[PDB]
Structure formats: structure tokens, C-alpha cells
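Reminder, nothing fancy here: chain letters follow the sequence lines and each chain counts from 1. Both ligands and their constituent atoms are indexed starting at 1 by order of listing. Reckoned from all heavy atoms, side chains included, excluding hydrogens, waters and symmetry mates.
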Amino acid sequence: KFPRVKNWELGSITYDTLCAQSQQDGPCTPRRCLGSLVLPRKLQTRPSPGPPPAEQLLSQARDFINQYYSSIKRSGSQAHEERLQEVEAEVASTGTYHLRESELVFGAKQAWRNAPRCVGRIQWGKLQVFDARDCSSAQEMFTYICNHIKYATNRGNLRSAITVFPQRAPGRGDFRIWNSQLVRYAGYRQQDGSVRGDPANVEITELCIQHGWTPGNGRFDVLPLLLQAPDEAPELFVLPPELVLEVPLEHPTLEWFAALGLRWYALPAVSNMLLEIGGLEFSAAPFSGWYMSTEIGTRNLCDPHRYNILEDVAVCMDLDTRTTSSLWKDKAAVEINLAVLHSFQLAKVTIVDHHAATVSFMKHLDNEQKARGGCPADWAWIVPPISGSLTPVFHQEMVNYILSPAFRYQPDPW
Amino acid sequence: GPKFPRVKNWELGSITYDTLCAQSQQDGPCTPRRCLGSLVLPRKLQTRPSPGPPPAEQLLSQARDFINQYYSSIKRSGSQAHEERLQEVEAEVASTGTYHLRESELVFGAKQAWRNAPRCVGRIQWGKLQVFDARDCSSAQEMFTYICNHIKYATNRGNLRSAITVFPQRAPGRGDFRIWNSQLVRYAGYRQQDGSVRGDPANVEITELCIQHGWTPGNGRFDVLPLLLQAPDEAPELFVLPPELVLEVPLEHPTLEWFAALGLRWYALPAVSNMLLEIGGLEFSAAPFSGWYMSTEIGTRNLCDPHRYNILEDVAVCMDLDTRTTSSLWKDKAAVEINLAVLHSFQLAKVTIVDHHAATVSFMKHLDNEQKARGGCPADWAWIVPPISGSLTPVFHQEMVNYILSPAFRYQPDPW
Ligand code: HEM
Ligand code: HEM
Ligand SMILES: N=C(NO)NCCC[C@H](N)C(=O)O
Ligand SMILES: N=C(NO)NCCC[C@H](N)C(=O)O
Ligand SMILES: [Zn+2]
């Protein structure tokens, strides 16, 4: 049952004993493997048609409480048993319970640490947790969000942070940030079916306009936020421009690159994922750290279904776009990623290239093998979108599983 | 909706369901609990040398299934010819404990095995395979002749043609026909006194085996190894391939004139020879196959892997890049030029080769063909997506379902 994991570059071997702590199932079965699939239906965090079985919740709760007390080394102590009784007393009476701030802080860090698709987990211990559970309106959500952005951005010296809004309650709507990220560019479906801006945001762009936003017409227009308090229609809030740090893209040696007018925001703040700690679900808990250059240079700017600039750059580079064998695509992509690194560095905005990132992830895997006996990792997401085998992670076998606390996907609120 | 895996292509937004996996009678490494999909060698298809034949009944169910697949392919499922072959196979297994395939069944199964190979990106060519029947081979000496004939036909002076040579299957109470080498053409890996390796580090063990068996080793970086061929119940015999049969390509760069001075080269024919071909329960322990290279196999993995030739730093230094910092993307720049050199050199030498863009585009077409034909296609994402420029190819944005279908190409223990 315990997987023999091998590193093909070093020839070393380790055994993942941590996967035995996985209580939640993945999409894979012995008959077939579905690991390369992005979204699920089995792993998806379904709404509250009523309260989930007190036994199920009490079981996830006690385990989390056990995890917390081990973390502070006060396991078995009086404080530990009294807390377990508190949780049980609360679930038995109300069908749910609440976390203390220190437990929420520990839970958020473990969720990040347990994230299989995150290559920046060496930073898991350093996380600023903003308790926003004292929130009752969309307007209050906006203030907490603005403060998250101000803190996280820090004039370019990015700091990892997460803001946790009120947990889900049975028989009541969720607190939700409709946007997939706190900062995203609009995608305007221009008549011909084409798109001006980010194609990945066409839907959220349409909703913002549908809710009163007067749209622009640029390729890089920062979107307003649609914040939703329980059982209320989402409200529109335009983020203050001084809060949104952006980096104009230019190349270190190619003068004309800047002419392309490309740019990207500094803060990657995913805001559509659910944070589950001890059975409790936080439907609104935006998190952020800092970008790895390939996210912008390769995926956001070069994906065919995104900005898709590979050809424009190749033409400017005077490459042979007539045939695939000239590797015009590979060359253009390398310069674009280089332009991203040069630009962010020039602007004094935190960023990490894929080589540095994967090297530190390998160190993280080692730290974790000693600390927990394994590390859940999704190979397809950990290995960068360009130069895969040129990085150490490509040659490392990985085991993917779900541990809790965890960040999970959830249905779109509309 | 449907009761089958939902597969999405994120670039196009399209959806398909894999119904083919429902016919997968063999389990893989994964379980609901955890995914072991990134592991290269998961003890699943692994065929640890079974002392005696498969249980007459287990071999029978496998045999009946293959015969059923065969008749379905020729559209005579349920016919008299179909029912008679099933009886003949049972009678044969009943009196001898095993059975034999007709020529057309072997050709069908060999093609199916390739079609079923999850880690092969060149499967759009699956229907075009020359199957050399070598089931009459009785000696290592004859294995060599067949192998040389395979290399001559497959190489075809640069205009490569896919082929496979099938030697006698595993027999009850008789040793196996085995080719000790991982490939028909492989470069030697010499273990230096200072711990380093001259040549290909991947081949250190087979190189040392060739020496233990009488081979007089050279001392270059690109020395073609001799073959260690083994016939039933006999020690392996050493055979040197005639240099004129082994086509090689000297590597040069289209614009960087100094690249040629590096003295780098690669052989034209990728012929895996250590894999087991399983058809209807019958095991063909010696059945080398070959097609043509996809450029990244050479330019990225073989030449740039840290545990292979590891030439990244050397080429980067020649390009005058900053190898002291990761942010210069020196590894990326060098890798691109090395792959470009491989493509340019092969095209210059009139030798078949397919770049990673062309290969993945063609595999996307293959997936579409197979969706309509069988309702799915077993694919190992980690192996299908190229080692460089991954998301720049269409397959990166295509989810895939991986499972084991038979006939199949499986891994087998080293004969030593
Ligand atoms: C410290 C800097 C960080 C870096 C360099 C980093 C980098 C990455 C990268 C490259 C991905 C894949 C993104 C994609 O392909 O869309 C990712 C995913 C993820 N990261 Fe990190 N990360 C960092 C911080 C954080 C923090 C602070 C958290 C949580 C508290 C976090 C949670 C996750 C999660 C849950 C995912 C999965 C996203 C998804 O499923 O779409 N990351 N990270
Ligand atoms: C016609 C051109 C072909 C191309 C371009 C092609 C390309 C490839 C590539 C890129 C791989 C991955 C190799 C690696 O990462 O080590 C591969 C694997 C494979 N191919 Fe193909 N292939 C072709 C023909 C064939 C043929 C003719 C057969 C068999 C009859 C075949 C059977 C396989 C198998 C079983 C693997 C698995 C290798 C392993 O597990 O180590 N391929 N092929
Ligand atoms: N680096 C982070 N979080 O720290 N990335 C989160 C996903 C961001 C997404 N890949 C983007 O390009 O916008
Ligand atoms: N293209 C093929 N077969 O047609 N490849 C088989 C594996 C070859 C291996 N990747 C090599 O570089 O030698
Ligand atoms: Zn799996």
C-alpha cells in the first residue's frame, strides 16, 4: 500500500507513508487514472442542503483538533481534552462549531502545505492570516479585501496572505467573491466572436457589466469585484488604482518588446477556492503569495485560449513562422518569459523563475519526507509549462492525494 | 451525464467521455486514495518470470478475449470461423498447455499493442507497421540475422519505416529468447576512475556486461555497443553490428557555426528491444520494434538530461550565457538551440524525424480518430507532453485517461 517513490536523476528512493492519512478519495481507481484532469465532481465541495451528519463533522473536527494540539506539542494535555469536549458539545447542540483564531491560523497554513498543485510550498510556514469572520456585509468584504491587497503588495516586496471570511452555515447563503482572482483583466467579446483582453474572464466581465459596471475597451482593464453576502445579490466595488500594482513588460535586449504594450499585475490572489478546516468550510478565503514567471510568460500570455501572443512576438523577432521545425514558438516563449523576469526585477516586484522555484520545491519535498513521511504533489502542475525536463521536479516521481485542511474547488455562485 | 470518465480539452472547451476504459481488464497503480500516475515503473504490467505457463484457465480467458478482438476487427464476430478458432485454441491449450497464433492474428496483435501503448505519442501511425515474423528462429546467430534485416528495412537509407520483429514466444519448460540490450542501437557508457562516465551513463551496466562477455571496449563518447543475444537455455552471444548498417547523424546548428565542432551525433533508428509483447496471454520476450525519433527525445532527454549526456552547460558557455544565475534562462536558451540542431541535422541528412509540435498535433488527430473508433484512447499525460515547451503544444491542454489494454507492450525484468 505504501508507494515506492523514485528520483531518476539521482537514483534515490523514498516511501510515502503520509498517503495513509488520506481520508478523502481522488478521481482515480485501479481500472484507470484520471490525474491529469483539472476539475472534479467527486472531490467538489457540494452546498449545504441542510447540516452534514454530526458524526461526519465531529470526526473531521476531532482530527483537526488533534492535529492542532500536536502542532503546539500539547497533545493529551488538559487544554486538548477540554477543547475536544467544547467542539463535541457545540456540534451536538448546534450541528456545527467554531474555530479559535490560533486554530484558524494553523489550519490555513496546513491547507497551503497540503496543496498538491502548489510549487511554492517551501514558504508554507510564512503566511499572514487575516481573520475576517467578523464580517456581515459586502461593503465590509471590500474593506478587508483592500487591506489584504495593501498588505500583500507591500510596494513590490510581496508577502503571502489569506483573508478568511465567514464560514458556510446550513440553510443560509454563502459569502462569495464572484471573481476568480482579486485582480484580473477584462475579456470583452468583440462582435466577430473574438476577444479584446483576457478570454479567461469573458464570463465574469459580462456579469460585472450586467451588474452596472461601465466597461472600458483596453486589453488590460482591471475588473471590479462582485462581492456577495448571504442570500443577497452581489455588489460592485471598483478597486482603487493605487492599490493595484502593475508591471509594464519590456525586454532586456529587444527594444521593440515594450512597444507591444504588454503588462501584468503583481499580485496573484486566487479568490474562488473553498478552504476546508476541520469540517468547516470557508467559501470566501482569497489567498496570495507571489508569481512564478511561467504563470505569466508562458500560460497567461502564450496559451492559445488566453492572450496568445506567441505569433506576434515571433513576427517581431523575424522568425520562420511558416514551419513548426524552426521552433519559432519555443524561441518566442523563452524571450517572453525572460521579459517577464527582467521587467519584474526592474520594477522591484517579487517574482521567482521556474528553475529557482522547482529547486526550492525539491528542498521542500526533502523537508517534508523527514517531517511527515511524504508530500502530496500533482506532477502535472508542479512541472513548469516550458523546459520541463530542464528542472529537477520532472525527474522526481510524485504521489498525489488529498489531505485536510485543504483548498478545494467549488461551484460558481451564479 | 454519462457513467464514464469526463475528459476536457481546456484550449477548445470540448468534452468527451472515455467508454473504452471499461474494457480494461488489467488494473493500474492508482486507487481512490492516491494517484501513482507519475511513477515510471509501477509493478502492474510487470512480468516477473513465471516458472511455468499461466493457469490453463487464466491463459484461456486471455486467449478467448484476444480471439474475440481478432474476429471483431475482421467483422466476423459470432461466425462459424470465430467459434471454431475458439475451440481450436482451447483444445491446443488443453493438450499442450499453450497455443499458437495464426500469422494474421500476430500482425493484428502487434499493431494493437502499439495502438494500446499509453506512452507513445506517434500512435497516429499505428496502422502502418511492418511485422517480421521470426517465430521460426532457432539460434542467437539467427536472431542476429533477423535483427540486421530489421535494421536494414527500417532504416531504409534515412526514409525510416516502422517495424517489429517477433521472435518465438515464451514456452513451457524452455528458456526465453532475450535481447539483453535496451535498444538495438545504443552508445557505450564507460565508468571512469574518477567516478565520471564517458559516453552514455544510461548504458553503463549493459556496457560492462558486453565487456564481461568478451567485447573489447573502445573509449569514445559515441561508441555503438555490440548486441548480447540470448537463445533458449544458452548464455548470451556477442554480435557486432556492421557499421554500415548503423546510420548516424553528425549534429550541426543552422546558424551557430561552432556547434558542429562539438562532435555531437546520434543514431537514426530508435529500436526498443527489452520490452515484452503480450498477445492473448502469450508472451513474446524478444520483439524489438522501431519507428522514427521525435526530436525532443534526442535534443532534450538524451543530450540534456542531468543523468545522460548533460551538455546544457557546455552549449550555454559556447553561446556565452550567464550560467551563474537561473534568471538568465540559460538552460532554456541552450535547450532550444540543441533541439533546433537535431532537427536541422536530421533534415540535412535526409533522415526521418518529427518535431514536438508536429508530433503532438498529429496525436491530437489520433485522439479524435480513436474517440470515434473505440470511444477513447489510453494516454499517459506525463509521457505524451514534450520535455520542453509543454504548454506550447496542444496535448498539454488535453486531459487524458490512462489504463492498460491488451495486446500490450510491457516492461520485463533484466535477464541477468
Ligand atoms: C509564495 C509564493 C507562491 C508561489 C511562487 C506559488 C506558485 C504556485 C503555482 C505556479 C501554482 C500553479 C498555478 C496555476 O498553474 O494556475 C500554484 C497553485 C496553488 N497555490 Fe501556490 N504559490 C505561492 C503561494 C501560495 C499561497 C500563499 C497559497 C495558499 C495560502 C497557495 C496555494 C495554492 C493552491 C491551493 C494552488 C492551486 C490553484 C488551483 O488549483 O488552481 N500558493 N502556486
Ligand atoms: C512511428 C514513429 C513513432 C514515434 C515518433 C514515436 C514516439 C515515441 C515517443 C516520443 C515515446 C516516448 C519515449 C520516451 O520518453 O522514452 C514513445 C514511446 C513508446 N512507443 Fe512510440 N513512437 C513511434 C513508433 C513506435 C512503434 C513503431 C512502436 C511499436 C510497435 C512504438 C511503441 C512505443 C512504446 C511501447 C513506447 C513506450 C516506451 C517506454 O515505456 O519506455 N512506438 N514513442
Ligand atoms: N503564485 C500563485 N499564487 O501565489 N499563483 C496562483 C495561480 C495564479 C494563476 N496561475 C495566474 O497566472 O494568474
Ligand atoms: N521514437 C521511438 N520509437 O519509435 N522511441 C522509443 C523510445 C526511445 C528513447 N526515448 C530514445 O531516445 O532512445
Ligand atoms: Zn492516477
Side-chain angles (χ1 to χ4, degrees), chain A residues 38-39 108-124 126-129 152 158-162 180-181 183-185 198 200 264-265 267-275 285-301 303 306 350-354 356-358 360-361 378 380-382 384-385 405-409, chain B residues 114 117 119-123 125 154 160 162-164 182-183 185-187 200 202 266-267 269-273 275 289-303 305 308 352-354 359 383 387 391 409:
Chain A
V38 180
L39 310 180
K109 285 172 180 174
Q110 283 295 123
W112 181 8
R113 185 192 193 179
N114 294 334
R117 301 178 168 178
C118 189
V119 70
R121 285 179 281 161
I122 194 166
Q123 288 293 149
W124 82 266
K126 188 178 182 183
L127 178 68
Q128 175 60 42
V129 182
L158 278 43
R159 298 178 285 200
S160 303
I162 184 180
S180 51
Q181 287 184 34
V183 192
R184 295 250 79 186
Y185 296 121
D198 194 345
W264 208 262
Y265 49 91
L267 194 73
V270 174
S271 57
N272 60 187
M273 292 183 79
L274 177 147
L275 164 60
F287 60 84
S288 61
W290 53 80
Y291 270 120
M292 170 168 84
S293 49
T294 54
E295 298 182 73
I296 307 171
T298 305
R299 306 299 308 283
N300 304 351
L301 293 169
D303 268 6
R306 297 293 298 281
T350 308
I351 187 119
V352 61
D353 63 74
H354 51 290
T358 52
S360 78
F361 184 70
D378 193 336
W381 284 62
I382 299 303
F407 283 106
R408 291 157 164 156
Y409 293 129
Chain B
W114 180 9
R119 299 169 169 183
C120 185
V121 69
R123 285 180 288 168
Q125 296 277 150
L160 280 62
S162 306
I164 178 178
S182 56
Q183 296 187 22
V185 186
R186 293 262 70 183
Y187 291 131
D200 198 331
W266 210 260
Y267 50 88
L269 193 74
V272 175
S273 50
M275 291 189 85
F289 56 85
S290 67
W292 54 79
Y293 269 119
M294 165 181 61
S295 53
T296 56
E297 294 182 85
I298 299 168
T300 306
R301 303 304 306 289
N302 299 346
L303 295 180
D305 264 11
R308 297 296 296 282
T352 312
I353 183 95
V354 63
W383 286 65
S391 65
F409 281 113

For ligand 3, which atoms have a heavy atom of A:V270 less than 4.0 angstrom away?
6 (C), 7 (C)
Between A:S160 and A:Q128, does a side chain to side chain contact (heavy atoms under 4.5 Å, CB included) hold up when you go through it step by step?
CA-CA 6 Å; A:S160 303; A:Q128 175 60 42; over 6 Å; no
Answer side chain, backbone, both or neither: which part of A:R121 comes under 4.0 Å from ligand 1, heavy atoms only.
neither
Please could you name the atoms of ligand 4 that B:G291 approaches to less than 4.0 Å, counting only its heavy atoms?
4 (O)
For A:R184, atoms of ligand 3 separated by under 4.0 Å from a heavy atom:
13 (O)
Below 4.0 Å, non-hydrogen atoms only: which portion of B:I298 touches ligand 4? Side chain, backbone, both or neither.
neither
Of A:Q128, A:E295, A:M292, which has the heavy atom at the shortest distance from atom 9 (C) of ligand 1?
A:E295
Taking distance alone, with N or O pairs closer than 3.5 Å, would you say A:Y409 contacts ligand 1?
yes
Proximity to ligand 1 by part of A:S288, non-hydrogen separation under 4.0 Å:
backbone
Which one holds for B:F289 and ligand 4: side chain close, backbone close, both close, or neither close, with close meaning a heavy atom under 4.0 Å?
neither
With a heavy-atom distance limit of 4.0 Å, tell me whether A:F407 approaches ligand 1 through its side chain, its backbone, both, or neither.
side chain
Let me confirm one number: the OG1-CE distance from B:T300 to B:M294, rounded to the nearest 0.5 Å.
8.0 Å
Under a heavy-atom criterion of less than 4.0 Å, does B:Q183 contact ligand 4?
yes
Does A:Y265 come within less than 4.0 angstrom of ligand 3, counting non-hydrogen atoms of the residue?
yes
A side-chain contact here means heavy atoms from C-beta on lying under 4.5 Å apart; do A:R159 and A:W290 qualify?
no
Given A:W290, A:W381, A:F287, identify the one with the heavy atom nearest to atom 28 (C) of ligand 1.
A:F287
Just need the protein heavy atom nearest to atom 18 (C) of ligand 1, so name the residue and atom and give the distance.
A:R117 O, 3.6 Å
Do the side chains of B:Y267 and B:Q183 get nearer than 4.5 Å, heavy atoms only?
yes
Roughly how far, to the nearest 0.5 Å, is OG of A:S288 from CD1 of A:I162?
9.0 Å
With distance as the sole criterion, is a donor-acceptor pair present between the side chains of A:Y185 and A:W264 under 3.5 Å?
no
Can a non-hydrogen atom of A:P268 be found less than 4.0 Å from any atom of ligand 1?
no
Minimum distance, heavy atoms only, to atom 3 (N) of ligand 3: which one of A:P268, A:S160, A:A357 is it?
A:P268
the protein heavy atom lying closest to atom 12 (O) of ligand 4 turns out to be B:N302 ND2, 2.9 Å
Nearest to atom 1 (N) of ligand 4, what protein heavy atom do you find, and at what distance?
B:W292 O, 2.9 Å
Could an N or O of ligand 3 be found under 3.5 Å from any N or O of A:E295, whether backbone or side chain?
yes
